[PDB]
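Q: Numbering (the entry's author numbering), first residue to last: 1 to 73. Even for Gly, the Cβ is constructed at its ideal location relative to N, Cα and C.
1. Can you tell which of 69, 53, 22 and 38 has its C-alpha closest to the C-alpha of residue 7?
2. Closest to residue 65 by CA distance: which of 29, 41 and 22 is it?
3. Locate the beta strand (DSSP E) running through residue 26, then write down its first and last residues.
4. Can you tell me whether residue 44 is helix, strand or coil according to DSSP?
5. Grouping DSSP H, G and I as helix and E and B as strand, with all else coil, what is residue 52?
6. Less than 8 Å separating the beta-carbons of residue 33 and residue 48?
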């Protein structure tokens with residue numbers, strides 16, 4: 001079959017719904033996270049800057065980027 005380049009495959013990590021969203025998945029330890037990948041953490045929303053594997057907390061090298069929170073106030 002044909003190929004397709006991408007980055008934020010966090011969606012494929014679970015399913016490929018039609019809505020193309022259905023609320024992004026939550027931080028799941030033990031799964032490679034490519035650049036662009038976004039996951040929910042404690043009601044938050046982070047995005048992996050570059051290829052990296054680790055839970056959200058402190059990115060001294062810039063492995064994550066807070067884009068917002070799951071539920072805005």
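A: Quick answer:
1. Locating residue 7 in the chain shown gives position 7, where the first residue counts as 1. For residue 7, the closest C-alpha among the options 69, 53, 22 and 38 is that of 38.
2. Taking the first residue of the chain shown as position 1, residue 65 is located at position 65. Closest option to residue 65, Cα to Cα, is 41.
3. Locating residue 26 in the chain shown gives position 26, counting from the first residue. For residue 26, there is no enclosing beta strand (DSSP E), as DSSP marks it with neither H nor E.
4. Against the chain shown, residue 44 aligns to sequence position 44. Here residue 44 sits in strand by DSSP.
5. Indexing the chain shown from 1 puts residue 52 at position 52. Collapsing the DSSP output to three states places residue 52 in a strand.
6. Within the chain shown, residue 33 is the residue found at index 33, counting from 1. Within the chain shown, residue 48 is the residue found at index 48, counting from 1. Remark: C-beta atoms of residue 33 and residue 48 approach each other more closely than 8 Å.
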